[PDB]
Structure formats: C-alpha cells, structure tokens
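Laboratory data are not the source of any read-out in this text; all were calculated from the coordinates shown. Neighbour counts run over all protein chains shown; Cβ positions are idealised from the backbone, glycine included.
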Amino acid sequence: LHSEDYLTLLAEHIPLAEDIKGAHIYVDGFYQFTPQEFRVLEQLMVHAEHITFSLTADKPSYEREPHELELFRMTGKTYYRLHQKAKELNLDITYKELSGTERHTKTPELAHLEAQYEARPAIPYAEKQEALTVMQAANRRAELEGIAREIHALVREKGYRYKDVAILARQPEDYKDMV
Amino acid sequence: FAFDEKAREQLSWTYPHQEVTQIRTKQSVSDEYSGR
Amino acid sequence: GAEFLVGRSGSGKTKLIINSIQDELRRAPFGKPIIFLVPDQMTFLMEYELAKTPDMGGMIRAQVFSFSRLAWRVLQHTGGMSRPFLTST
Amino acid sequence: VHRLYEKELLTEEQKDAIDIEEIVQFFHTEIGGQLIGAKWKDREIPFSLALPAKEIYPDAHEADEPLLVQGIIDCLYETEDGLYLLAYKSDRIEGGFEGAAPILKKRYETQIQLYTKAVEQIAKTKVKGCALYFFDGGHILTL
C-alpha cells in the first residue's frame, strides 16, 4: 500500500459504506483539491444526503475559469469545477454568499486591507493608525526578540492571552531555531 | 525615579493562566495533536 | 444535495459552519453522522471549537476528518487496513 | 472472521489467533441477548468530551479551561428500559473470576465513567448500567 493509496481506496469504498449515506458533510479550509481528493468529494456528492462546500472567494463564476492574475484564482477554479460536477450529477444546488465583514467589524484598518488588497486602482486608508503596523529589525534575532516584547505587552497590558497570538513565516526554517 | 513603580510591578508579574499553558488540549483514551 | 457557501476571508464561513453542526448536535444528539472535512492542520482546531458549548461541551454525532482519517475510518469498516503500509523511505 | 480476512480487516496471523468459542460465548449471555433484542444499536462510537482541566489533573487547580478527552465507546444499545453501555476486554483472568472482578472493576472504573459522562452530558440522555465482557472464560460484570 502507498501513503497515497488510501484516497483512491476510499473513493471506491465510499459507495458500499452505508453509514455515510444520509450523512451531512461540511468541507472547509481548502483552497484547492487534488484530482485524487476530488475523486473522493464527487463520490461523497453521490452517496451523502447533504454536502456543503465552503470556499474563500468573491462571487466566482461557474462558466469561466478565473484569469491568471485574479486573487481568488485557486478557490474560484475549485468552485467552478465542484459546481460543474454537481451540475452533471444532477444535484439540488443552493448558494449562500457572505457579504459583510465578521472578523474585522471592530477593526476598520484590517477591514480595509482585506477589501483593498486586490484592486490596483486602490484607495488609500484615510484614518488613524492603531491595529496595523509594519516594523523593521536589525536582524532576525532582534526581530523575534522585539516581537517577544510585543507579545508580553499584549498579554500584560492589553489583556490578551497567549492563545490569541499567532506568528507566521514563509520560511519557518529561518526562525525555527531562534524562536 | 519616574518609572520606579511600573518596573517593580512588571518584574513581579506572573501569567494568570500559566498553570494551563503546559496542559495538552486533546487527550485520548484508548492523531498527532493529542496525548494519553 | 450540494450547498455552496462562498465569501471573502473573515466573512464568517467557518463560524456559520461550526454553529450549524452544534445546533444539529443539539436537536438530534444520536442522529445520522455529521462529517466535518477540513485540512490536516485544521482538525484539532475544529474539534476544540465544536466541543465549545455551554449546552453540550462535546459531540458524538459529528466528527472532524482529514481526508486520511476519513479514509482510515471508512476502511476500518469496508476493508483494506490490514494491508501493510509503505513509508516514503 | 473469514470475511474480515478477505476484505483485509484482519491479518492472516490475527485470523488464526481468534478463539471463536470466546466470541460466540458473549451472545449466549444475558447481556448478549439483550444486545440482540433492542430498538436501536451502534458500535465503534467516537466522542469528544470537554472537561474542566482539573477534573482530570487534580494537581493544577487554578484554571477552569476545558480540555478534550477523546475515545471510542465500544457499543451502545437502547431497550424499552433505557440506554446501556457495552465494552469488551481481552484482559487476562483465568489462571476464580470472583476475585478478579473487584480488580478489573477499578482497572476500567475511571474509563467507563468518562464514557457515561460523555454520553449523558453530550446527548443529554442518561446511561443506566454498564457492562464489560471478558474473552477469558466469557465473563461479565456490571457497573
């Protein structure tokens, strides 16, 4: 058996798995899928009573694939493909578009970044700086050490908890040891 | 000095929830995110 | 039946999902299986949130699966798991 | 046993290791027949239960944040009386069983409570009676 054999094995065993019939399924957190994972989803669309697909995008179309340069290329392309499969499979389809902000209701600037990220004819933010800050350090050492102080300021002063902070890096291999 | 009071607090400060920061979130009773 | 839930980042998709599964757990605790399929790194995050309710504080009807755990589950029933596994090495 | 072998849910070794008498023995017991006759049944039931941190760790009493205990209830079945829990244990016994029962009881004591708690708290129903079957001699004790 191959690490990558389970998914193909799953896709063909789904039909005769009777407890997944009448099952409600939710998919979320995926930007895209592999053909193999795809094989599973469409096999789920057949034998499951309900399946909901959650995709991060902006009013995608199911007739045309996203152009090269648009932000929601991946998620849009997956929406178009998942929708065309549900169409050929003759499934009862329903749509739900989320318009308003939920995460950034109390944070205008972060709300600005999310909405104005794409459009090159981009409008500048006309308000005060508080939530968003860029910062320069002498080196990764000082960078983490500076961020470490910030985290303490946040938990000790602003009343946050450690579980509320998250630090990301495109190349964690560069900070992993020093962190 | 001006900061005489702040400094002393911050050096005596502890983390209110610190007792839990070492406890595993998921714990199995018989996935790499749990423990036993 | 297929439902497409779409919206920009931070629009509350995930929150809507979690809540729906919870009410479903509230209304029919032993009802038909509810499969929450997320990426591998999103599983334990979803397990913690789902179980985070005053009413229930846990779940039985609903489960959080990555493609692998989902496969492993279905295969422990339909078969194939006793087949020796090969590491990448 | 053979079909499990065909479908590869069992290794050749595992297949030849099964004592059928000890498997059929359960379905001749009072509990077994009760399992057979039931409005509803389910097996291999996964669950995630959120408990206050100390309820497991007495050591750290300071914080009430919930932690997730996760397991699998072997079997559950409903009758016109109530919901009952069922677990099979390959525990070593005969080598009477009268003297093992007290020990076995509290080897799985804490575990079964977690189960009942998981069910009662999450399902908002109640578990009346718990049984543990033992392959060694086909023994049954209730909790």
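Counting only strands (runs of 3 or more DSSP E) that sit wholly inside chain C, those with at least 1 residues that are in contact with a strand residue (DSSP E or B) (Cβ under 6 Å, 6 or more places away or on another chain) and closer than 30 Å to D:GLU8 by Cα are C:34-37, C:62-65. Counting residues in the range D:24-44 that are within 14 Å of chain C (Cβ to nearest Cβ) and in a helix (DSSP H, G or I) gives zero.
Counting only residues that are part of a loop (DSSP other than H, G, I, E, B) and surrounded by 14 or more Cβ atoms within 10 Å (Cβ to Cβ), which one in the range A:22-31 is farthest from the other protein chains (Cβ to nearest Cβ)? Filtering the range A:22-31 for residues that are part of a loop (DSSP other than H, G, I, E, B) and surrounded by 14 or more Cβ atoms within 10 Å (Cβ to Cβ), the one farthest from the other protein chains (Cβ to nearest Cβ) comes out as A:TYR31.
Select from the range A:91-103 the residues that are under 19 Å from the mean Cα position of the chain (by Cα) and not in a strand (DSSP E or B) and write down the one among them that is surrounded by the fewest Cβ atoms within 10 Å (Cβ to Cβ). Among residues in the range A:91-103 that are under 19 Å from the mean Cα position of the chain (by Cα) and not in a strand (DSSP E or B), the one surrounded by the fewest Cβ atoms within 10 Å (Cβ to Cβ) is A:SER99. Among the residues of the range C:30-89, those identified as away from chain D (no Cβ under 12 Å), more than 24 Å from A:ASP164 (Cβ to Cβ) and not hydrophobic (A, V, I, L, M, F, W, C) are C:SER66, C:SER68, C:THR87, C:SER88, C:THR89. Filtering the range C:19-32 to residues that are surrounded by fewer than 19 Cβ atoms within 10 Å (Cβ to Cβ), under 26 Å from A:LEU82 (Cα atoms) and not polar (S, T, N, Q) leaves C:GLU24, C:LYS32. Within the range A:104-111, the presence of at least one residue that is more than 10 Å from every other protein chain (Cβ to nearest Cβ) and surrounded by 11 or more Cβ atoms within 10 Å (Cβ to Cβ) is confirmed. In chain B, which residue that is farther than 25 Å from D:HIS61 by Cα and part of a loop (DSSP other than H, G, I, E, B) is farthest from the other protein chains (Cβ to nearest Cβ)? Taking the candidates together, the pick is B:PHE1. Scanning the range A:9-37 for residues that are polar (S, T, N, Q) and under 19 Å from C:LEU5 (Cα atoms) returns a single hit, A:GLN32. Here the range D:89-143 is the region considered, the condition is being polar (S, T, N, Q) and part of a helix (DSSP H, G or I), and the residue that is farthest from the other protein chains (Cβ to nearest Cβ) is D:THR116. Across the range C:1-29, the qualifying residues are those that are within 7 Å of chain A (Cβ to nearest Cβ) and hydroxyl-bearing (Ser, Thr, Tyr), and the one among them that is farthest from A:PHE72 (Cα to Cα) is C:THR14.
Within the range A:75-90, one or more residues are more than 7 Å from every other protein chain (Cβ to nearest Cβ) and part of a loop (DSSP other than H, G, I, E, B). Does the range A:1-16 hold any residues that are surrounded by 17 or more Cβ atoms within 10 Å (Cβ to Cβ) and touching a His at 6+ places or on another chain (Cβ under 9 Å), and which are they? Correct list: A:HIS13, A:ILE14. Checked against (1) away from every other protein chain (no Cβ under 14 Å); (2) of a type in the set (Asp, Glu); (3) over 20 Å from the mean Cα position of the chain (by Cα), D:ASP64 passes all but condition (1).
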